[PDB]
Amino acid sequence: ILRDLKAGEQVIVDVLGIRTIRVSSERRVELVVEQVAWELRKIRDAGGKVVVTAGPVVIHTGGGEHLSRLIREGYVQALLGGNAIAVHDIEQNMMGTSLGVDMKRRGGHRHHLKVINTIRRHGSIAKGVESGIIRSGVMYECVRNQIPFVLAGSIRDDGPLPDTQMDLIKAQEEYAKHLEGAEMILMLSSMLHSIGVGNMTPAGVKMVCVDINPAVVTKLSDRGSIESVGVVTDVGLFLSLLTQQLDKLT
Amino acid sequence: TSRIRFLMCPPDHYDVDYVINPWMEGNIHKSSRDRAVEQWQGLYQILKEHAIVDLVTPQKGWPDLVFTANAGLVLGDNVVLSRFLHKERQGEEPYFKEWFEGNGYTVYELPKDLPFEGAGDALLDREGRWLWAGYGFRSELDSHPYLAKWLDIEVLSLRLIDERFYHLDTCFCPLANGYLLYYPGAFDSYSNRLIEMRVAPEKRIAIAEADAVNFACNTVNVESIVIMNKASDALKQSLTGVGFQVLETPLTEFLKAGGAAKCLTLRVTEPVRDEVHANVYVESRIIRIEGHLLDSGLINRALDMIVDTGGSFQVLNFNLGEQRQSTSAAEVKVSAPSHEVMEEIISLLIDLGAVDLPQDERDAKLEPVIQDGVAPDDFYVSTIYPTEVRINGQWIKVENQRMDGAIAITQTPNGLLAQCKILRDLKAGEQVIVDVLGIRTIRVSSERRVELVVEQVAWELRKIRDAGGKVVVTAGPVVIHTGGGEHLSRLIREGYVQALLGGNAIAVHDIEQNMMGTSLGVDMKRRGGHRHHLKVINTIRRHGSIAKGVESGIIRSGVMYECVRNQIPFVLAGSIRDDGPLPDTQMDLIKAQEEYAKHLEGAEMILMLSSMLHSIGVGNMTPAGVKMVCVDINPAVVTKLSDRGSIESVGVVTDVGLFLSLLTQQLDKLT
Amino acid sequence: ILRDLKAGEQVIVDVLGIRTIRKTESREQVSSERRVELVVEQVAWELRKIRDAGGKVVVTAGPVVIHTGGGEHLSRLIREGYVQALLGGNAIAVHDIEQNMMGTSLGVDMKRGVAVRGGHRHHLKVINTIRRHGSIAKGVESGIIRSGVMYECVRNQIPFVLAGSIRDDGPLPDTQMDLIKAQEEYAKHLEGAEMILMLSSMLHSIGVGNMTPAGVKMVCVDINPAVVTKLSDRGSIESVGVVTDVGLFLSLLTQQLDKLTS
Amino acid sequence: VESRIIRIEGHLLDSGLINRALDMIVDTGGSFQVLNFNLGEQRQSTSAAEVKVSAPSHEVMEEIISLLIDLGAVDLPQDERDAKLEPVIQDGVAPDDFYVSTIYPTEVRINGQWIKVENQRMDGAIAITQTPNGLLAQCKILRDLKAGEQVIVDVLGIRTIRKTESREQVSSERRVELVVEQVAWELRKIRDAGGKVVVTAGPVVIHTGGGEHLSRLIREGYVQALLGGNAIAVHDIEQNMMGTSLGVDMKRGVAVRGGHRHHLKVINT
């Protein structure tokens, strides 16, 4: 694996001399989008704090440009996620793919691993931005607008990126710290990061939980309706309707 | 007496100190004192150019005293003092009372713990003809009869349903010359119907959400002048177009507490008409419910049903019963804003076993069947539960109980017979129970994917329409339920659909959504009873066809409407589950299959909008070469129809309302 | 279509002298096991109690019963006196007869529990054969139908009603295509019912539900939790619903019924 | 058997607050008797009820009172007592019977005085300390507890301060069976040949009652290594020690609420 390579080893490049041997209604979504957009604009305007958690499905499904727009226009004060969402976002922006899938419509792991290796060689996402190889997207806007982010590691992480916190005691601490003072947590199909964040968050914080996995949603919409809202829908579609609605409010 | 007087109160002690509405949330001690004073001065000085303004003395610890609209409601020499729901504003009441007394008003006071929040929740018709009174968040429905009596005026009740628009004056603004500025989405379907019955279309200025969250309805109308926080260009054009002069003055510091220009003012010189007198549409009825009330949660379920349906309550007494296992009993006064809503409520409470007090028990009302297969207006709709009805002072058991029928009363050799019958089995001359008296019971696709298919399908639809080709649509009731009917009827109106194939249920729900704003009793504005549904079926059966319903003017919009108005052929194939059915529904399925087949001839595209079995049936009839577009969340009507190869059959697994929404949006982009 | 053929017409048989002319581009492309098991235990007990007391049990059933291998178990239930009436559509009868005559069932490999393509020939053959004999009952009498759900209904004189639908192939001559009469026939057989067993039959289950008063035990089995959640709105003392494989459900039910009367 | 009278106030009849309280009592293993009910005069007036709660043991009583505390159940003002405190003796370990915190704003009674708990979160312990700025009550996760800290145990002297609006609200059986037949055969073949079988497992194994069967597989030599997370180990141990599993009633195959106490107890132990 990349992180185990040692200075002085010879590595095969190019491709020569290699062979192998053998659920929510239309009304519902629209009502929640209406409410969440109003609240987001309201909180931003009052200088409050919104925390977003996001999983790779945000990128895969086609929602990354909507998220990076939220981050660029001041609606997001911290981003919590994992290794995979940062890799796929950087990948979509550097090569227009995510897991080798052209966003223009399976596919190889080459783009994915090239991204990981390139960011490891620079040493951080921010140095990738500074050197000019990351020019847009979710991680880009976090760096350019100095929005704090935390990437918590997982057992399945590829690489990982240098930025990824592989000491989970520390990761839980960093999450907790960024959650302080949050008025709203927007959880964009981030699964275990969503559960972890719910466990850390006291009552009184507005929780918005978006996912097609209709039970990260019901497990987080258990804190009562007045402060936790749930929608079961594609997160890219949700983000698309949300940014549209924010524009209507101007 | 042509001189207009307002009461205001300066922001000396104003801030957001607590949270009692959704606007205050996040805003504690976030008000700027300088900007608040400057904004308040802006409004105050504009108002003084057009009217008289008195001031209440400001008071430390009661910041929302600036919102004088809620002090009470004045009409002539009488005032009904506000009783606030939240303790944080209740401390204002003595200072408001003091001002009204000092100015010689006759002050009426509601019972303690009966909330009513003044002109902020009750807005006079600007010609003084009636009072519009809100309920749902702050003022109680049961305060409305007091307003009517004490201020001697007709009172119309409106139910608020959006917590951001928690006072009537946030979303509703009567104007000079009969105009009305308002936000329909703040009201339930019942209330929207009432507004539309009372105010002609030319006089209604319905605003968009963007204007509503700027508090554009929270407007002070002096004569031809309207003063408000901010108006869009569109809104300014509408208002100036009918002769108002619009004056804007920023009030964002007060929006932080959930109020604007109108909330900051109380008009104390209001038009008093000699011919105007007390009139109350609110009605009430006392019921008794008995059993293990606390344990079963039965009383909780009854009360929630009363409130969800649009009414109100007051528990008059609750008795525990004196041994640990014995049943409890509660007497509950139930209130409703109209007779129509009362009937819906009483129908639901009947199933739960609610009964009259002996002194109030009455015989069932009866009306004659005059046409076979048609019930008289306001027939009671049966449930699955065992039921008794009171005829000539005697309770008799209903036979052949079944939901969604009418109860027919007939005379026989051995006495009165009460029989549950489906509408189509009613015979001329039978008597049917109407109203609600004398009735009781006895116990998957990604974002990219959807967008790509929408793009392709929109292009193809516009292309086919423009070349004069033929598009057939099949549609199931989920199109209506999910919220997609207006999108479908638009496709039909603008020439994209040459025939519509469906079943009984989609026609019933579409007509229902358009006549009463519900679908299976669900308000589209956000379970529910079968009354609306059965009333639709019965009404169309009485006219004899959907087209005669259109012609007579009772169907005025929607999917079936546009089919009739644009002479688009439709076929409704029957099913084993059909209610009624509608007259138009083909219950001979050999014939229905033939009529489907005939309408499918020459089709270049079939758009199947989650129509399930009608989709399968249509696929079986259709040769290769016809473009098939299959939309459904049931991800295997989709895979079973997308089996004819990708070049001619396209499938998406998604909400059909969302799909239709994106489709009509995309069609507009192509212009 | 078959029902439109007229005596005297010449019809292509066999497979000679037929070709396609497709253009180039065309030819070239929720309930856990523990839950289900406790529900089955409660239903099996209610079911034996009702049969011994001589009560009436009505079953509605759709094709997924055959596809999941539930057919043998439903057959057994009918054979041993638990089913007094059977309500369904065209499709369950054709699939049951196909599975029993040909060992196949349009769209599903029953034996391997997976979808398959093709199979229309066996399906249409069955429909044509029953139309030739003129009824399911004559198909049993002539000995061409020898086993299965429809067979047991005929042999034990259990009444059945097949309500037509807009998607019906054929239909069978038994299938009632006049839906006013179909609703009347359903309502008649529902009279006196103490339990209704709804075995993933979607539209028929809702129709039956509409027609059924309180005081009737409703058991609703379907892999789609959307129809189960609909039909289960009568409170947990009247209705029960499980979201599961109906063949699984029927298998356990018959196992559980054996434990009771032995 | 233990008994305790509690008081509940609010819009009891229409919020169903009273009804949710009674349900929890009986579902957790207790019983109740409503001793009295004072009905509010209007719809918005508050109502009050006094309820005698019984439990078969102290343990079950604590479970009930923990649930009722969140609904805003309080003591009659003369039955108020100070929260019991026990010291932490081992870093990152709470004393036995530590109270388990919730998401809700919470006060605790220390020498006759009600004190607001800071840094509130669920599944923590509440540590009490005297500081140069007064009494401090702090919600702390278990691993952050330090030897010497005083921690609330039992269920006395604790109340919630929730505001009014808050307290008041694919594979068919045949397929699976043929797959199992193929896997069982491959599995026996590999074990007899001395090969290596690795299992990964998540909590849903315990919830669905698979735990006894996985146990059996390991016991009889089919499993050479087990890979999983924190959660499967805690749920397995909880099910076997306590007969429960956070979030699921294994026996009845349905979701349940509550259960955090048993879960946190296992982790702490």
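Condition first: more than 14 Å from every other protein chain (Cβ to nearest Cβ) and crowded, with 16+ Cβ neighbours inside 10 Å. Now tell me which residues in region C:29-45 satisfy that. Quick ask: steps written out before the conclusion?
Quick first cut of region C:29-45, residues more than 14 Å from every other protein chain (Cβ to nearest Cβ) only: C:43-45.
Residues satisfying the conditions are C:43, C:44.
Given the condition surrounded by fewer than 22 Cβ atoms within 10 Å (Cβ to Cβ), within 14 Å of chain D (Cβ to nearest Cβ), out of contact with any helix residue (DSSP H, G or I) (no Cβ under 9 Å at 6 or more places or on another chain) and closer than 15 Å to residue A:85 by Cα, answer yes or no: does some residue in region A:209-220 qualify?
The answer is no, given that none of the residues of region A:209-220 is surrounded by fewer than 22 Cβ atoms within 10 Å (Cβ to Cβ), within 14 Å of chain D (Cβ to nearest Cβ), out of contact with any helix residue (DSSP H, G or I) (no Cβ under 9 Å at 6 or more places or on another chain) and closer than 15 Å to residue A:85 by Cα.
Quickly run through region D:243-263 and pick out the residues that are more than 9 Å from chain C (Cβ to nearest Cβ), part of a strand (DSSP E or B) and surrounded by 20 or more Cβ atoms within 10 Å (Cβ to Cβ).
The one that is more than 9 Å from chain C (Cβ to nearest Cβ), part of a strand (DSSP E or B) and surrounded by 20 or more Cβ atoms within 10 Å (Cβ to Cβ): D:245.
When region B:407-417 is examined, which residues are found to be surrounded by 22 or more Cβ atoms within 10 Å (Cβ to Cβ) and either assigned to a loop (DSSP other than H, G, I, E, B) or in contact with an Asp or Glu (Cβ under 9 Å, 6 or more places away or on another chain) (or both)?
B:408
Here is a list: A:100, A:47, A:17, A:62. Which entry is surrounded by fewer than 16 Cβ atoms within 10 Å (Cβ to Cβ) and within 23 Å of residue A:245 (Cβ to Cβ)?
Exactly one of A:100, A:47, A:17, A:62 is surrounded by fewer than 16 Cβ atoms within 10 Å (Cβ to Cβ) and within 23 Å of residue A:245 (Cβ to Cβ), namely A:47.
Condition check ((1) surrounded by fewer than 21 Cβ atoms within 10 Å (Cβ to Cβ); (2) over 27 Å from residue C:52 (Cβ atoms); (3) within 19 Å of the chain's Cα centre (by Cα)) across all residues:
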position	(1), (2), (3)
C:174	yes, yes, yes
C:185	yes, yes, yes
C:201	no, no, yes
C:205	no, no, yes
C:208	no, no, yes
C:237	yes, no, no
C:262	yes, no, no
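Starting from residues that are within 30 Å of residue D:9 (Cα to Cα) and among the β-branched types (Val, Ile, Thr), keep the ones in region D:156-195 and report whichever is farthest from the other protein chains (Cβ to nearest Cβ).
If we take residues in region D:156-195 being within 30 Å of residue D:9 (Cα to Cα) and among the β-branched types (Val, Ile, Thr), then D:158 is farthest from the other protein chains (Cβ to nearest Cβ).
Which of the residues that make up region B:378-399 are within 12 Å of residue B:421 (Cα to Cα) and within 14 Å of another protein chain (Cβ to nearest Cβ)?
B:381, B:382, B:383, B:398, B:399
I'd like the full set of residues that are surrounded by fewer than 16 Cβ atoms within 10 Å (Cβ to Cβ) and within 14 Å of chain A (Cβ to nearest Cβ), limited to region B:418-453.
Of everything in region B:418-453, just one residue is surrounded by fewer than 16 Cβ atoms within 10 Å (Cβ to Cβ) and within 14 Å of chain A (Cβ to nearest Cβ), namely B:444.
Which pairs turn up if I take residues in region D:238-267 that are within 21 Å of residue D:93 (Cα to Cα) and look for partners that are surrounded by fewer than 17 Cβ atoms within 10 Å (Cβ to Cβ) with beta carbon separation below 6 Å, at least 6 apart in sequence or on another chain?
D:262/D:242; D:266/D:237
Somewhere in region C:128-143, is a residue in a loop (DSSP other than H, G, I, E, B), of a type outside the set (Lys, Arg) and surrounded by 19 or more Cβ atoms within 10 Å (Cβ to Cβ)? It would help to see each step written out before you state the result.
From region C:128-143, those in a loop (DSSP other than H, G, I, E, B) are C:134-135, C:142-143; that's our starting set.
Add one more test, that the residue is of a type outside the set (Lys, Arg), and what stays is C:134-135, C:142-143.
Narrowing further to those that are surrounded by 19 or more Cβ atoms within 10 Å (Cβ to Cβ): none.
No, that holds for no residue.
Counting only residues that are of a type outside the set (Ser, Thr, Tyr) and within 14 Å of chain B (Cβ to nearest Cβ), which one in region A:61-88 is farthest from residue A:117 (Cα to Cα)?
Applying the filter and picking the extreme gives A:77.
Please find, within region A:198-224, the residue that is nearest to residue A:177 (Cα to Cα) out of those that are in a strand (DSSP E or B) and hydrophobic (A, V, I, L, M, F, W, C). Please lay out each step first, then the result.
Initial filter on region A:198-224 (in a strand (DSSP E or B)): A:206-210.
From the residues that got through so far, the ones that are hydrophobic (A, V, I, L, M, F, W, C) too are A:207-210.
Working: A:207: 17, A:208: 20, A:209: 21, A:210: 23 Å.
Within region A:198-224, the match that is nearest to residue A:177 (Cα to Cα) is A:207.
Only one residue in B:502, B:529 is more than 25 Å from residue B:184 (Cβ to Cβ) and either part of a strand (DSSP E or B) or away from chain A (no Cβ under 14 Å) (or both), so which one is that?
B:502
For residues in region B:189-208 being within 14 Å of another protein chain (Cβ to nearest Cβ) and surrounded by fewer than 22 Cβ atoms within 10 Å (Cβ to Cβ), which is farthest from residue B:264 (Cα to Cα)?
B:189
Taking region C:61-84, which residues are outside any helix (DSSP H, G or I), over 11 Å from the mean Cα position of the chain (by Cα) and either on the phi > 0 side of the Ramachandran plot or surrounded by fewer than 23 Cβ atoms within 10 Å (Cβ to Cβ) (or both)?
Across region C:61-84, the qualifying residues are C:69, C:80, C:81, C:82, C:84.
Please give the number of the condition residue C:12 fails out of (1) within 18 Å of residue C:250 (Cβ to Cβ); (2) surrounded by fewer than 13 Cβ atoms within 10 Å (Cβ to Cβ).
(1)
How many residues, within region C:160-171, are more than 14 Å from the chain's Cα centre (by Cα) and either surrounded by fewer than 23 Cβ atoms within 10 Å (Cβ to Cβ) or on the phi > 0 side of the Ramachandran plot (or both)?
Residues flagged as more than 14 Å from the chain's Cα centre (by Cα) and either surrounded by fewer than 23 Cβ atoms within 10 Å (Cβ to Cβ) or on the phi > 0 side of the Ramachandran plot (or both) within region C:160-171 amount to 3.
State whether one or more residues within region B:285-295 are out of contact with any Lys or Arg (no Cβ under 9 Å at 6 or more places or on another chain), surrounded by fewer than 20 Cβ atoms within 10 Å (Cβ to Cβ), at positive phi and within 14 Å of chain D (Cβ to nearest Cβ).
Taking every residue of region B:285-295 in turn, at least one turns out to be out of contact with any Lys or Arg (no Cβ under 9 Å at 6 or more places or on another chain), surrounded by fewer than 20 Cβ atoms within 10 Å (Cβ to Cβ), at positive phi and within 14 Å of chain D (Cβ to nearest Cβ).
Determine which single condition residue C:219 fails, assuming it passes every other condition in (1) more than 24 Å from residue C:67 (Cα to Cα); (2) touching a helix residue (DSSP H, G or I) at 6+ places or on another chain (Cβ under 8 Å).
Here residue C:219 meets the rest and fails (1).
Kindly indicate whether any position in region A:161-177 is in a loop (DSSP other than H, G, I, E, B), within 12 Å of another protein chain (Cβ to nearest Cβ) and touching a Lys or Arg at 6+ places or on another chain (Cβ under 7 Å).
Scanning region A:161-177 turns up no residue that is in a loop (DSSP other than H, G, I, E, B), within 12 Å of another protein chain (Cβ to nearest Cβ) and touching a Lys or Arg at 6+ places or on another chain (Cβ under 7 Å).
Select from region D:98-129 the residues that are of a type in the set (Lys, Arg) and in a strand (DSSP E or B) and write down the one among them that is farthest from the other protein chains (Cβ to nearest Cβ).
D:109
Can you spot a residue in region D:72-84 that is closer than 14 Å to residue D:140 by Cα, touching a helix residue (DSSP H, G or I) at 6+ places or on another chain (Cβ under 8 Å) and within 14 Å of chain A (Cβ to nearest Cβ)?
no
Could you please find all residues in region D:109-146 being more than 17 Å from residue A:173 (Cα to Cα) and in contact with a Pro (Cβ under 8 Å, 6 or more places away or on another chain)?
Scanning region D:109-146 gives D:116, D:117.
Exactly one condition in (1) away from chain D (no Cβ under 13 Å); (2) of a type in the set (S, T, N, Q); (3) part of a strand (DSSP E or B) is false for residue B:269; which is it?
With respect to (1) away from chain D (no Cβ under 13 Å); (2) of a type in the set (S, T, N, Q); (3) part of a strand (DSSP E or B), residue B:269 is out only on (3).
State whether the residues of region D:16-26 include one that is of a type in the set (S, T, N, Q), more than 10 Å from every other protein chain (Cβ to nearest Cβ) and in a helix (DSSP H, G or I).
Looking through region D:16-26, none of the residues is of a type in the set (S, T, N, Q), more than 10 Å from every other protein chain (Cβ to nearest Cβ) and in a helix (DSSP H, G or I).
Being more than 14 Å from chain A (Cβ to nearest Cβ) and either surrounded by fewer than 12 Cβ atoms within 10 Å (Cβ to Cβ) or in a loop (DSSP other than H, G, I, E, B) (or both) is the filter here; which residues of region D:130-155 pass it?
Result: D:130, D:131, D:132, D:133, D:134, D:145, D:146, D:147, D:148, D:149, D:154, D:155.
Scan the strands (runs of 3 or more DSSP E) fully inside region B:19-108 and keep the ones with 2 or more residues being more than 33 Å from the chain's Cα centre (by Cα).
B:52-55, B:106-108
Don't worry about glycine lacking a Cβ; one is built from the backbone with ideal geometry, like all the others, and counts go over all protein chains shown. FYI, it's all coordinate maths here, none of it is from the lab.
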